[PDB]
Amino acid sequence: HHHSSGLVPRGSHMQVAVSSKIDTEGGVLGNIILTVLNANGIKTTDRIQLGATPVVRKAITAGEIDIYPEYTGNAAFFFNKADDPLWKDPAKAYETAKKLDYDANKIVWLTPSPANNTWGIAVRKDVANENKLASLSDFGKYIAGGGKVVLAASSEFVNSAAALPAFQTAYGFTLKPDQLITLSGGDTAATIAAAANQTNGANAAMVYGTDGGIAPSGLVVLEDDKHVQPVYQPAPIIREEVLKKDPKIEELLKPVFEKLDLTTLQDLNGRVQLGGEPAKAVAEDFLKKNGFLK
């Protein structure tokens, strides 16, 4: 519990510019941050869904925005450490992102969500339930044992060394030609839809962990328990100049992001993306339901 008096002069004023990247999850997480700050007496400006990652990074380093949700693994790209094994360890990825961004930019990484929004595989819920599949280790054993699988994936996912081939060696399986639907120029919208509709027998799909299509389509993400992919946990990151004046922002956002687990964020993103609920309303509902809006 930080102090909220005596830190700055009587006349100190601030408008906290809240932003995000220009995807569904950015809208959801940005509105969660904005709503929490507003509810705790802090003035904000709404710059949510400003642009792609490079745009938002340029904006925060220029002091044009103050706080937005960023993903731990992206620090690999910001600081020229791509494919370093540490990014595949959730704790190391977070601590390293936090240290690098503080040292270079005095940007403070706050408490992350436990959701790992990374490349992966989701299966139809009936398949997961009947065969007790929760993890990619489970999945690999199931496939190796002769389990029925037809995976819809983009060509990139099938053929890039870091994608399906790496899943195959980590989890001990290989997919035969008749266990693959390969989508040239495809995307997760199409792979999710193929699995949702069992197109050509599809029962699994290439996804990103919190894709808004997953929950509405009745799919379930299998845990990357050996972390084949780099970890991308979202966290609020904030300019130190702003945090120093309202340091309570840290403890205000901590239990909020702790409650945003994978299935929760999946649900919120789906409510916007396929349910048509406004991101602000979805954010407010999540906050009210979990007691963060007294």
Revision key, fill the gap. Of 174, 182, 199, 191, the only residue that is among the β-branched types (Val, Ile, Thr), crowded, with 21+ Cβ neighbours inside 10 Å and farther than 16 Å from residue 262 by Cα is 191
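This table checks each residue for (1) under 17 Å from residue 34 (Cβ atoms); (2) surrounded by fewer than 21 Cβ atoms within 10 Å (Cβ to Cβ).
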{"residue": "206", "(1), (2)": "no, no"}
{"residue": "219", "(1), (2)": "no, no"}
{"residue": "235", "(1), (2)": "yes, no"}
{"residue": "263", "(1), (2)": "no, yes"}
{"residue": "270", "(1), (2)": "no, no"}
{"residue": "275", "(1), (2)": "no, yes"}
{"residue": "286", "(1), (2)": "yes, no"}
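Kindly evaluate residue 24 against the criterion of being in contact with a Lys or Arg (Cβ under 9 Å, 6 or more places away or on another chain), surrounded by 15 or more Cβ atoms within 10 Å (Cβ to Cβ), touching a residue at least 12 places away in the same chain (Cβ under 8 Å) and in the same structural domain as residue 276 (by CATH).
Numbers: in contact with a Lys or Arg (Cβ under 9 Å, 6 or more places away or on another chain): no; surrounded by 15 or more Cβ atoms within 10 Å (Cβ to Cβ): yes; touching a residue at least 12 places away in the same chain (Cβ under 8 Å): yes; in the same structural domain as residue 276 (by CATH): yes.
Spelling it out, it is not the case that residue 24 is in contact with a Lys or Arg (Cβ under 9 Å, 6 or more places away or on another chain), surrounded by 15 or more Cβ atoms within 10 Å (Cβ to Cβ), touching a residue at least 12 places away in the same chain (Cβ under 8 Å) and in the same structural domain as residue 276 (by CATH).
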Check your understanding: Limited to segment 121-140, what total is found for residues that are in contact with a helix residue (DSSP H, G or I) (Cβ under 8 Å, 6 or more places away or on another chain), among the charged types (D, E, K, R) and outside any strand (DSSP E or B)?
Key -> 1
Review point. Only one of (1) surrounded by 14 or more Cβ atoms within 10 Å (Cβ to Cβ); (2) in contact (Cβ under 8 Å) with a residue 40 or more places away in the chain; (3) not hydroxyl-bearing (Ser, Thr, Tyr); (4) not in a loop (DSSP other than H, G, I, E, B) fails for residue 241. Which number is that?
Key: (1)
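From the list 160, 113, 155, 137, which one is within 16 Å of residue 226 (Cα to Cα) and not basic (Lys, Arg)?
Working: 160 fails: within 16 Å of residue 226 (Cα to Cα); 113 fails: within 16 Å of residue 226 (Cα to Cα); 155 fails: within 16 Å of residue 226 (Cα to Cα).
None of the others qualify; the one that does is 137.
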Exercise for review: Could you run through segment 106-134 and say how many residues are hydroxyl-bearing (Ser, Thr, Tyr) and closer than 18 Å to residue 153 by Cα?
Suggested key: 1
Revision key, fill the gap. Restricting attention to segment 141-165, the residues that are under 21 Å from residue 188 (Cβ atoms), free of Cβ contacts under 8 Å to residues at least 40 places away in the same chain and assigned to a helix (DSSP H, G or I) number exactly 7
**Study point:** Close pairs (9 angstrom Cβ cut-off, 6 or more residues apart or separate chains): more than 18 Å from residue 160 (Cα to Cα) in segment 177-206, aromatic (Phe, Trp, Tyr) anywhere
**Key:** 204/139
Check your understanding: When residue 101 is evaluated against the numbered criteria (1) in contact with a helix residue (DSSP H, G or I) (Cβ under 6 Å, 6 or more places away or on another chain); (2) under 18 Å from residue 240 (Cβ atoms); (3) buried (at least 17 other Cβ atoms within 10 Å of the Cβ), which criterion, by number, is the only one it fails?
Key -> (1)
**Study point:** Counted residues, segment 99-128 - those being of a type in the set (D, E, K, R), under 23 Å from residue 248 (Cα atoms) and touching a residue at least 12 places away in the same chain (Cβ under 8 Å)
**Key:** 2
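Having 1 or more residues that are in the same structural domain as residue 215 (by CATH) is the bar; report the helices (runs of 4 or more DSSP H) wholly within segment 30-120 that clear it.
On the way: elements: 53-61, 75-78, 90-105.
Those helices (runs of 4 or more DSSP H) do not exist here; none qualify.
What is reported rests on the model, the rules as stated and the sources as named; no laboratory instrument gave them. Heads up, the Cβs are rebuilt from the backbone with ideal geometry, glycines too, and the neighbour counts pull from every protein chain shown.
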